[PDB]
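First the structure, in the form of structure tokens, and then the observations on it.
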Amino acid sequence: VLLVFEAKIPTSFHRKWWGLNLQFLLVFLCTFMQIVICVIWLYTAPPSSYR
Amino acid sequence: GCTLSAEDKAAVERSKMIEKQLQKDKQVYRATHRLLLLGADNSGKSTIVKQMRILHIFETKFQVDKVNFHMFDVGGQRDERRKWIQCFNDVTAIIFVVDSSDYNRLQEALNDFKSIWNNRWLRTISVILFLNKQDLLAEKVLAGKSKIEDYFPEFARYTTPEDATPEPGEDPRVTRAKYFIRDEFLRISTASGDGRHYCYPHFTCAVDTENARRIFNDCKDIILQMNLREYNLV
Amino acid sequence: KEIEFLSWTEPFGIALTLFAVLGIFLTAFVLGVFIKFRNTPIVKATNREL
């Protein structure tokens with residue numbers, strides 16, 4: 001929304017389906033850093049139930 | 001580089017300089033907004049283009065602050081043979097200057113605006129509607145010399161629309177006629193449209209230096225709206 | 001020895017499950033409103049895919 005409202009340049013004309021796809025890829029990159037942390041954890045020393 | 005092409009490397013360096021110049025020009029060309037200045041000769045568009053010459057082959061290069069504008073200024077009139085609407089199509093806005101003072105030619109102005117707004121070549125592009133030479137219209141309505149009822153039949157049963165911006169001290173009759181002439185064009189602008197383009201209306205006179213800033217604001221709004229519906233937000 | 005964990009049958013666990021179900025149903029209701037109005041200007045403004 002910020003880049004739409006701060007385009008002193010002409011119309012972006014971001015053609016193709018690459019708009020929604022770009023949104024999803026950025027979301028995936030953030031969640032991807034989190035998932036890397038997660039997999040390193042659960043593969044190296046996973047948690048366990050403990051009496 | 002290879003095969004000892006001595007002159008070819010000089011040719012490549014020449015092409016490198018030329019490409020550098022073209023790439024530099026690309027920034028200005030992409031940044032510069034494009035305007036199609038339509039309208040009949042009586043509209044007074046000569047005065048407004050002179051004002052653009054004052055404040056930044058029928059061209060117009062004017063730089064409002066940090067943003068450039070190019071007016072192609074083709075007539076696009078009923079009689080003028082500048083059939084170059086198909087060319088120079090992807091423009092930022094259309095500047096439709098109208099002489100609201102002359103009632104007899106006002107209906108022809110309606111027809112020209114209808115033709116422009118319904119032309120499928122310019123369907124996407126919006127219209128910056130400059131109802132110009134407005135002071136003489138004020139003088140005409142102030143006197144009883146000429147009346148809107150002479151040509152436009154439905155000047156009666158017309159109350160000044162709500163929030164039609166008053167001008168302190170302006171004659172209420174003149175304001176009523178003014179907004180009638182404006183809403184008469186907005187009536188055409190409403191039809192045959194999915195909201196793609198908006199006829200930004202403005203009241204202007206040949207002694208107005210702020211027209212450049214009005215064009216700047218309308219162009220910024222047009223770019224904003226086009227980006228907004230292009231990203232599926234409006 | 002007494003076996004201690006946050007249990008489903010424990011009343012506090014029951015309340016915690018009820019709140020989770022309430023949140024799930026409120027989120028589903030918001031999704032339903034956002035879908036029955038998926039073309040309204042408000043839903044478009046707040047990025048409807050996201």
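As shown in the structure tokens, the chain order sets the letters A, B, ...; within each chain, residues go from 1, and ligands are also counted from 1 in the order they appear.
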
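What chain C places within 12 Å of chain A, counting only C-alpha atoms, is residues 1, 2, 3, 4, 5, 44, 45, 46, 47, 48, 49 and 50 of chain C.
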
Using only C-alpha atoms, which chain B residues lie at most 6 Å away from chain A, written as a ChimeraX atom specification? /B:31,223,227

Could you give me, as a Markdown table, every chain B residue with an atom at most 8 Å from chain C, plus its closest atom pair and distance in Å to one decimal, counting only C-alpha atoms, rows ordered by chain then number?
| residue | atom | partner | partner_atom | distance |
| --- | --- | --- | --- | --- |
| B:232 | CA | C:44 | CA | 6.6 |
| B:233 | CA | C:45 | CA | 4.7 |
| B:234 | CA | C:44 | CA | 6.0 |

Export, as an mmCIF file, in the first residue's frame, the selected residues with N, CA, C and O atoms.
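Full text of out_24.cif as output:
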data_model
loop_
_atom_site.group_PDB
_atom_site.id
_atom_site.type_symbol
_atom_site.label_atom_id
_atom_site.label_comp_id
_atom_site.auth_asym_id
_atom_site.auth_seq_id
_atom_site.Cartn_x
_atom_site.Cartn_y
_atom_site.Cartn_z
ATOM 1 N N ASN B 232 -5.066 -4.026 -7.558
ATOM 2 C CA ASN B 232 -6.330 -4.507 -7.003
ATOM 3 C C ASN B 232 -6.520 -4.020 -5.569
ATOM 4 O O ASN B 232 -6.615 -4.798 -4.619
ATOM 5 N N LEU B 233 -6.577 -2.697 -5.429
ATOM 6 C CA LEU B 233 -6.887 -2.073 -4.156
ATOM 7 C C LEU B 233 -8.076 -1.129 -4.237
ATOM 8 O O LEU B 233 -8.633 -0.773 -3.193
ATOM 9 N N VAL B 234 -8.478 -0.711 -5.435
ATOM 10 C CA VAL B 234 -9.692 0.075 -5.626
ATOM 11 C C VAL B 234 -10.511 -0.504 -6.768
ATOM 12 O O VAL B 234 -11.656 -0.919 -6.585
#

Between B:202, B:20, B:61, B:229, which one has atoms that come closest to residue B:98, using only C-alpha atoms? B:202

Quick one: residues within 7 Å of residue B:135, only C-alpha atoms counted, chain neighbours fewer than 3 positions away excluded, as a PyMOL selection string? chain B and resi 138-139+205

Give me the residues within 12 Å of residue B:181 as number ranges by chain, counting only C-alpha atoms and dropping any in the same chain fewer than 3 places off. B: 98-103, 106-107, 109-110, 129-132, 134, 137-138, 148-149, 151-152, 154-155, 158, 160-161, 174-178, 184-188, 201-203
